[PDB]
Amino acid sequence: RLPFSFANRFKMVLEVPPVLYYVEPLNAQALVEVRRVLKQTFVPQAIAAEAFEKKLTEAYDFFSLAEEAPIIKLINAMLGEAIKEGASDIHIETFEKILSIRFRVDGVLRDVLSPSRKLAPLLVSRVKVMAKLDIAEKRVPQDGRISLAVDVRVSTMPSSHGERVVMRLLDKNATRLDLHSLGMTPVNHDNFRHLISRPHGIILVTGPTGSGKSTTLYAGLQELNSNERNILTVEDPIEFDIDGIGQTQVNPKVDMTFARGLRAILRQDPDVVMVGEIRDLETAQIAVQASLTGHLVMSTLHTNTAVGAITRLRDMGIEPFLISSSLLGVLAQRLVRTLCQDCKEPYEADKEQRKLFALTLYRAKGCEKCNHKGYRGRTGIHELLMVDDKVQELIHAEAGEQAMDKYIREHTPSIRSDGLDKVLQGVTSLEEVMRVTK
């Protein structure tokens, strides 16, 4: 959104494929200025003075509780557990002998609990009342809605052993970045979901310029974004505003640096802290001391590998002992352009290509839909280094990159391996994986 001062002066409003409403005569200098600020193309549309002013004004624990009404608390705890685990849909299904509940987390179904079958009608009744549905009627499908900032869509349906309930959990916030939609696998997302959910420790997202490290951090903060945690951040600059998280901007006009901004944040009694990046030792020292004094710290570095981030902390001047005790994990990340689904050409891989993995892969080609590239959009490929007992020892002993890479390959997949899986799925080309991976 433009500033109100600028929009009111030149008679130009932005309302989102972004539309730019304007009043004639159009100013060419001001039109370029809007393009500069958005960093995105738009569609100019002419409008009369009276309709413009109206557009301007309108613009500016579940598991423990199961062993023990009591149903009201159970369903509320279940919904809280669903949001915790990051479930899209909650499935309550009644069979002959067994009552079963399942979440679908990032497309993958999962068994959460199988309570007593006798509770089946009570769970169906409670969920109906929350969505203003008919309690007595059990022979037809009933659909309703609830607001809890979660907007749940609930659908009942008749079955042979009663009724089957599904609750689709959707966030009303349209600017929510789903970490799985960005490209993380269910296993990578769970492991990263668990890592950022820890009470204390440093987490680093690393990669070169344009690797989507800021976008991944933002999605991580949005997932944690709760009233039970105090989340704050120092940025240079603030990429975009997340509502609920207190975002401080680095300002050289008052000598407000990353280090000085980070110190000020630590006196605000935070739970989670996010530093734009750790460029110098001064900022690194403070981030390490924050992690050892009961704060979860999140930041970034511009290293090519996940192991390079540990070496980078070593080189800046942080003592090995302090790195081992503080570091929870490193997320190496790259972006790969997704193939155009309309014009992607299949081809069988040769012997040299099969060494990396009839193996069918896909090529770029191109058409008018991609115009005329062969790719349309991007997606992330990842390598999540998890600091466990044996990694802590290797950092302390200073085993080096060579010996540390050996152990890391035994447990965590490479960034290329994650990329190659997407080539098999037909999401991106092998050329694009080999481009960004060295």
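Residue indices: 1-based, along the sequence shown.
- Counting the deposited residues that fall between residue 60 and residue 61 and carry no coordinates gives a value of 10 or more.
- The entry models residue 357 and residue 358 with a gap of 4 to 9 deposited residues left without coordinates.
- In this entry, the higher average B-factor at the C-alpha atoms falls on 40-48, of the pair 40-48 and 24-32.
- When 92-100 is weighed against 328-336, 92-100 comes out higher, by mean CA B-factor as recorded in the entry.
- Which of 275, 286, 265, 72 has the largest Cα B-factor in the deposited entry comes down to 72.
- For the set 196, 152, 231, 310, the PDB entry assigns the largest Cα B-factor to 152.
- In the PDB entry, residue 110 places in the lowest third of its chain by CA B-factor.
- Per the deposited record, the Cα B-factor of residue 123 falls in the middle third when ranked against the other modelled residues of its chain.
- Residue 413: CA B factor in the middle third of modelled residues in this chain (values from the PDB entry).
- Among the modelled residues of its chain, residue 254 has a C-alpha B-factor that falls in the middle third according to the deposited record.
- Split the chain's modelled residues into thirds by C-alpha temperature factor. Residue 56 is in the highest one.
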